[PDB]
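Some notes on the structure that comes next.
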Amino acid sequence: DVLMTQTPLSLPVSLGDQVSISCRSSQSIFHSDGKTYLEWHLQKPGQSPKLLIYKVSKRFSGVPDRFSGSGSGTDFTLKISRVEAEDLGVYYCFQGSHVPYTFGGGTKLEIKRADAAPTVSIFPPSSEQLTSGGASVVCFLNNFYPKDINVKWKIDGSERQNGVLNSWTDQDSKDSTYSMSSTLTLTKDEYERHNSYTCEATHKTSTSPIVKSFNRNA
Amino acid sequence: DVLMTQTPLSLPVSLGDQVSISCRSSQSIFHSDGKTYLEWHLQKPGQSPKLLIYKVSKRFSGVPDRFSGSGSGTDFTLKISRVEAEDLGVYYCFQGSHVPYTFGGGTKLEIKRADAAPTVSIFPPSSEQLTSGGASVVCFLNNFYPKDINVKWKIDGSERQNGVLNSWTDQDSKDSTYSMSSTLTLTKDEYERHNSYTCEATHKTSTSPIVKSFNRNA
Amino acid sequence: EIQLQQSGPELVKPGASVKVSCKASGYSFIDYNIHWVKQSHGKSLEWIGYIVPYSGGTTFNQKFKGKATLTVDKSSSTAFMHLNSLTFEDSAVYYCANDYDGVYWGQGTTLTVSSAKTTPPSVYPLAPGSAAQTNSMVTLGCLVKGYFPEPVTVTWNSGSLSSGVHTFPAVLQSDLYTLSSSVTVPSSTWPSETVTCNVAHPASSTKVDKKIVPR
Amino acid sequence: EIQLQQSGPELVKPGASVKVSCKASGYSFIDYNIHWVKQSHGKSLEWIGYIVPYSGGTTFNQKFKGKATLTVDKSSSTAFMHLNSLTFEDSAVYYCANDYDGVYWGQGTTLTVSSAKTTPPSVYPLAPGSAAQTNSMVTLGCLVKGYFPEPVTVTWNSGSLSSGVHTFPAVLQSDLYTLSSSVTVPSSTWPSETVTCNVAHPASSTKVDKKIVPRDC
Ligand SMILES: Nc1ccc(CNC2=[NH+]CCCC2)cc1
Ligand SMILES: Nc1ccc(CNC2=[NH+]CCCC2)cc1
């Protein structure tokens with residue numbers, strides 16, 4: 001199978017700047033009819049993909065002239081002359097020359113902004129949940145940038161990796177930050193066998209760990 | 001340096017009373033995080049301090065509801081709605097918003113009891129001490145209340161301040177009174193140069209000074 | 001205008017089969033190829049194969065040979081994709097697309113394969129516990145746990161509180177979904193005023209309100 | 001449960017240095033700061049500074065720069081404070097404390113700096129000048145002067161006389177300790193019956209008995 005390799009995986013950009021994305025194939029995607037079947041699609045969250053460019057450099061109907069495609073053989077490039085807000089999303093290259101047709105892994109464009117430390121909040125299990133034999137400890141790590149962050153749960157000083165469920169939001173349209181939710185689910189009994197609960201975050205914005213904790217009795 | 005001032009210095013209370021202690025800073029104690037890092041700690045004799053309240057009004061884990069904290073800017077107040085035996089001790093406020101962090105001088109909570117007149121006893125130097133070339137004249141002022149007392153030593157009618165060492169007991173666990181020992185140290189020769197030795201005390205329980213005295217040649 | 005309209009979301013049990021429709025309009029359907037694509041985990045795109053409407057001829061990605069069956073109904077300008085012997089790995093979003101003057105995409109069809117039964121969520125208000133900073137802003141939360149199937153709608157104060165809200169994508173745990181939502185408000189607002197998280201789960205005809213109460 | 005356990009009391013000579021340890025348990029040590037505090041004469045509290053375990057970074061009260069050195073051993077969850085070039089003014093109780101969800105305090109470490117050598121006490125009987133007023137209740141005493149180091153134990157009549165006893169905290173005079181003890185008994189018991197103060201000073205294995213006899217002297 002022809003492998004399509006896109007670089008970079010994610011690209012922080014500034015509105016109005018010029019950006020270029022790369023797509024390389026493991027072998028030539030030249031077709032016997034003299035044409036090269038390389039396409040570029042754009043997919044925004046929650047929507048279906050939309051074709052931008054086909055046959056390497058042909059612009060699909062309605063696509064702005066700021067989008068341009070070039071390349072030949074195994075190296076292809078998509079260029080956006082002046083990036084706009086509506087251009088943000090995931091870009092995928094596709095080859096339709098050799099069966100099975102394949103897609104690249106995608107390149108995600110996000111807005112670049114200043115770093116921001118997460119605002120961390122920790123919540124002990126609600127009274128109502130405990131009465132059912134369950135205990136979920138929740139930690140919110142809100143409005144931070146960049147997206148790279150490591151969250152660890154420490155119970156009585158010991159790291160707990162089992163029972164942890166994480167979820168992240170997409171880049172916020174208003175402040176360009178990211179948010180994350182981390183939930184530690186235990187049994188009512190397990191929860192009562194310990195006292196110290198810590199949600200620890202490691203982020204570029206702080207030398208030492210960013211933490212929030214609580215004790216089971218207060 | 002932000003100076004912390006606590007008033008009063010000592011507060012006599014009866015079990016069950018509702019009291020309020022004051023702590024003031026020479027300057028505002030607002031920190032960058034938008035917070036006010038003010039703490040109240042309680043220290044019992046022979047023990048390490050214990051946190052009661054932090055961030056002006058947050059109760060520390062395991063601290064009974066009878067403790068309440070409030071204040072703002074430069075004036076803070078610790079309130080105990082119902083004094084219990086476990087609440088007797090020295091209360092310290094602390095500011096952790098401006099380096100170097102500082103503590104107040106402390107407010108001592110003591111048990112209030114009925115007035116008690118001191119039993120004063122004066123003792124001339126023992127023959128054993130004189131043989132070694134020393135002469136300590138001792139005055140005990142026992143089982144009195146309140147604690148406020150002023151003791152003066154007079155040699156041949158003249159007040160003597162140098163060479164005097166005082167030591168106090170803490171409030172008695174049984175009768176709630178205080179006791180004190182005052183020692184006047186001289187050399188054998190100096191003790192031999194004078195004749196009249198007096199230990200004089202002024203206390204709430206007597207309209208005139210309480211005096212105990214002895215003459216060397218008797 | 002050219003449009004490819006796909007059938008709605010499907011919830012099916014493992015081992016069964018399902019048919020996804022792709023209705024075409026605005027052009028000569030019989031003359032252009034219809035392709036099918038699978039998108040797993042909202043990321044990886046995989047080409048399944050295509051069908052030539054006139055001949056019924058098909059070309060597949062070997063990986064999907066047997067799993068998918070492609071057909072077309074010339075009379076109604078509709079292409080169909082049958083997925084057989086469904087497994088959990090078949091859960092994904094499927095798209096049809098054509099090769100007309102470039103490429104037009106269908107809106108996608110979400111397929112969820114599971115043995116789980118419709119289950120209402122347990123809604124738990126999350127209020128700050130033992131010390132959560134006596135200052136400026138306060139973050140409150142709402143935990144929506146153990147529901148099936150998606151989706152649930154979470155609002156704060158019936159939609160009045162929109163700013164400062166973060167609702168996180170649901171995660172699958174023990175065959176059921178769980179999601180959380182946080183709201184940050186001035187501490188002069190709470191607990192002085194009431195803050196409520198409203199949760200609606202259409203599948204179970206559930207509508208729950210949970211006030212966020214102190215301690 | 002969260003605990004901060006400090007090392008034991010120390011008696012050191014001026015000019016030397018000492019290391020006070022503070023072992024943490026019950027939470028992730030690397031996540032919170034360790035502060036050090038000094039308490040002189042069981043009254044005034046002074047903040048020395050703190051250390052950030054992860055980075056080793058420190059913030060000090062300018063008054064303690066050079067005097068104290070703060071370090072940490074991540075593997076053993078222990079913080080250390082080194083007091084250097086000791087002088088008499090360094091004698092105090094030192095506490096470590098953290099900033100975990102409020103403040104947890106260590107039990108404290110008492111440091112005594114002195115160049116004094118072990119010296120047994122001189123015990124002197126304190127009898128009222130011939131007789132203090134005469135009858136009802138009479139107060140007798142025992143002066144324990146010039147010993148080092150603390151402590152001394154003072155009992156009356158081998159512990160038989162327990163009520164009416166006041167033993168005062170030792171005071172430092174000329175680099176040595178001095179303390180006094182008083183006992184009050186019915187005038188109908190002394191001088192008829194004997195009253196003796198028993199003094200023991202463990203450090204010097206000294207044990208002395210001094211019976212209180214009338215006449216001041
Ligand atoms: N040789 C060729 C291959 C594929 C196509 C259609 N391109 C597609 N884009 C992405 C998936 C849907 C089909 C046209 C010509
Ligand atoms: N900004 C801040 C300053 C100090 C502290 C810890 N408070 C302490 N209480 C008294 C001495 C030990 C440390 C926490 C935060």
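FYI, side chains are in, hydrogens and waters are out, and symmetry mates aren't considered; it's all heavy atoms of this structure. Throughout, protein chains are lettered first and strands after them, A, B, ... in sequence-line order, and every chain is numbered starting at 1.
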Shortest non-hydrogen contact from [X] toward [Y]:
X	Y	result
B:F76	B:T74	CE1-C, 3.7 Å
D:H201	D:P120	ND1-CA, 3.9 Å
B:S28	B:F30	OG-CD1, 3.0 Å

Suppose the criterion is disulfide bond (SG atoms under 2.5 Å apart): which pairs have a residue in residues 10-72 of chain B, not counting sequence neighbours?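 Listed once each, the pairs are B:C23-B:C93.
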With sequence neighbours excluded, residues passing side chain to side chain contact (heavy atoms under 4.5 Å, CB included) with [X]:
X	answer
B:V99	B:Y101, D:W47, D:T59
D:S181	D:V154, D:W156, D:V165, D:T167
B:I210	B:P118, B:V120, B:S206
D:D73	D:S75, D:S76, D:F80

In terms of side-chain geometry, is the basic nitrogen of [X] or [Y] positioned less than 4.0 Å from the acidic oxygen of its partner?
X	Y	value
A:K212	D:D101	no
B:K112	B:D17	no
B:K44	B:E86	no
D:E46	D:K63	yes

Under the 3.5 angstrom rule, does the side chain of [X] hit a backbone N or O of [Y] as a donor-acceptor pair?
X	Y	value
B:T102	B:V2	yes
B:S97	B:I29	yes
B:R59	B:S61	no
B:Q95	B:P100	yes
D:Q39	D:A92	no

Test ring pair (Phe, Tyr, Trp, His ring centres under 6.0 Å) applied to D:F168 and B:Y178, B:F140, B:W168, the passing residue: B:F140
With rounding to the nearest 0.5 Å, note down the distance linking [atom1] in [X] to [atom2] in [Y].
X	Y	atom1	atom2	result
D:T69	D:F64	OG1	CZ	13.0 Å
C:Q133	B:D33	CD	CG	6.5 Å
D:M81	D:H35	CE	NE2	14.0 Å

Please say whether more than 12 non-hydrogen atoms of neighbouring residues, nucleotides or ligands are located less than 6.0 Å from CD in B:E159.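 Yes.
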Check the pair B:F144 / B:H203 against ring pair (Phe, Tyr, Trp, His ring centres under 6.0 Å), numbers first and verdict last. CA-CA 9 Å; B:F144 61 87; B:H203 190 249; 5.6 Å; yes
Would you call the rings of B:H31 and B:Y37 parallel, tilted or perpendicular if under 30° counts as parallel and over 60° as perpendicular?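 Perpendicular.
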Whether B:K50 engages the ring of D:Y104 as a cation-pi pair (distance to the six-membered ring centre under 6.0 angstrom, angle to the ring normal within 45°) should be assessed.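 Relative to the ring axis of D:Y104, which defines the angle, B:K50 lies outside at least one limit.
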I'd like a table of donor-acceptor pairs (distance under 3.5 Å, sequence neighbours excluded) in which one partner is a side-chain atom from residues 142-150 of chain D, with atom names and distances.
residue: D:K145; atom: NZ; partner: D:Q173; partner atom: OE1; Å: 3.2
residue: D:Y147; atom: OH; partner: D:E150; partner atom: OE1; Å: 2.8

